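Residue numbers (our numbering), protein chains in the order written: chain A, 414 to 462; chain B, 9 to 58. Built from N, CA and C at the ideal position, the CB exists for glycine as well.
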Amino acid sequence: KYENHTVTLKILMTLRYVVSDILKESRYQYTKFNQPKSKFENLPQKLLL
Amino acid sequence: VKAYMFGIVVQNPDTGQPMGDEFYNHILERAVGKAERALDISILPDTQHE
């Protein structure tokens, strides 16, 4: 029925991101309290999407 | 005692080592003596030569 016609739509789509740059990449801490020995842990990174 | 402290654990911060029941029994033995003097009573079964 719509062989030669222009169809227009409004749509919902799921959100998506990709990483363009890494900002404040690595943050650190020598956690020692209430541990058998010293441990190294990586704190949250910040991402620019 | 641990049941009365449910959800709480005591540890040495320089280790991952808690304290043993030896300490708890030592506390309890002294503790029962404390109540044994708060009242002029002898609580554990024992023989007496008066």
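DSSP places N33 of chain B inside the alpha helix (DSSP H), whose first and last residues are 29 to 46.
A check of alpha carbon separations from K459 of chain A across A:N417, A:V420, A:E438 identifies A:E438 as the nearest.
The straight-line gap separating the alpha-carbon atoms of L462 of chain A and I435 of chain A is approximately 9 angstroms.
Using a Cβ-Cβ cut-off of 9 angstroms, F446 of chain A is close to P21, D22 of chain B, given in chain order. Interface annotation, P449 of chain A: in contact with chain B, CB-CB separation under 8 angstroms.
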